[PDB]
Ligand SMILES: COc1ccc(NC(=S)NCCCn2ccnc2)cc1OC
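Next up is one chain by itself, shown in structure tokens, the form deposited without the named molecule.
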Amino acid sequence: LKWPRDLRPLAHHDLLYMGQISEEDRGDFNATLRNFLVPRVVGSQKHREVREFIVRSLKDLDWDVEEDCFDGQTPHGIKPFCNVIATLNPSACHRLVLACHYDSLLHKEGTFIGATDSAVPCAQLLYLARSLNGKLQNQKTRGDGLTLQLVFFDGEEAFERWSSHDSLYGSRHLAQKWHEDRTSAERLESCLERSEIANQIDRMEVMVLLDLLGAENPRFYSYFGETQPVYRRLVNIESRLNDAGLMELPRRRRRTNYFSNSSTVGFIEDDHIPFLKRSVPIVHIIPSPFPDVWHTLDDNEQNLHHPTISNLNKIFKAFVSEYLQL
């Protein structure tokens, strides 16, 4: 089966531009990232501050922002949860959805920053919205029926031992909410010819979920055959960036190889699951293996690898540009 949207290769000019960074771009990203490098456990003041910062940053860019708030039972009692959904053009039928979670694990051993999990992904999504703002606002005027949507899930982490009932609180809630929210092509702006739209979940054209990013030398694989055409664009973009000499490497004459051209046999539970169960196509941008710092007190700021983060930001910027033809 072909991808429902013909995927036009990024022109060289655009690839080079998406692959550059000024030191002020680096500084802008780091400034954004500092806002997330704090404990943000569900129910806490800093958690509320982080949500407020996400919401304000995106409202300031003239995105439509929904705070999807609810209370849910947990092994620790009733807890408040608030997903944040930012949509560049609400009326556009189809959404390229980029996602991550913004809560941090309540770690039994002490204060836990969750720098890779997922403070960096949070910052990457905001940095994309900020750095591509002009181009995105231009794209929004086309009436082409496609837009960008950013979802910051709350309550990804378990309070106790990960289970179907203790984990993915925000994503389980949102997927069900959108599945039950009925709509059709006539109510929406420029749906593709062959689109079957019965509810809001059908408008998610593909969900690209970023998680556990920020450690050196991540290895990604295509986890879903369904989105192999999309995944292959990340492979190609990374290859073109290396060919252009636009990746930061430790030594001359090396290449990044983050996006492997293989598939793996690996089952990961994450925020994508409740959407996958409802036929949303998923690209899961998560390393295999997980970073060594995963769910340890060492998942902190100093253990981030900034050259890797810069390289990923170039891939992601080029990918959004290519998908939306910015």
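So that there is no doubt, residue numbering starts at 1 and follows the sequence shown.
Note that the form solved in complex with the named molecule isn't included here; everything after this is about it.
- For the options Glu226, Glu238, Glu157, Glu205, the one in contact with the named molecule in the deposited complex, meaning a heavy atom within 4.5 Å, is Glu157.
- With the partner removed from view, the residue among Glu269, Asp28, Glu301, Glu52 that has a non-hydrogen atom within 4.5 Å of the named molecule in the deposited complex turns out to be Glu269.
- In the deposited complex, none of the heavy atoms of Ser260 sits within 4.5 Å of a heavy atom of the named molecule.
- The closest heavy atom approach of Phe70 to the named molecule in the deposited complex falls outside 4.5 Å.
- In the deposited complex, the named molecule sits beyond 4.5 Å of every heavy atom of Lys46.
- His94 falls outside the set of residues with a heavy atom inside 4.5 Å of the named molecule in the deposited complex.
- In plain terms, the part of the chain that comes close to the named molecule in the deposited complex, with a heavy atom within 4.5 Å, is 288 to 296 out of 275 to 283, 288 to 296, 53 to 61, 32 to 40.
- Of the residues in 115 to 140, only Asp117 comes within 4.5 Å of the named molecule in the deposited complex through at least one heavy atom.
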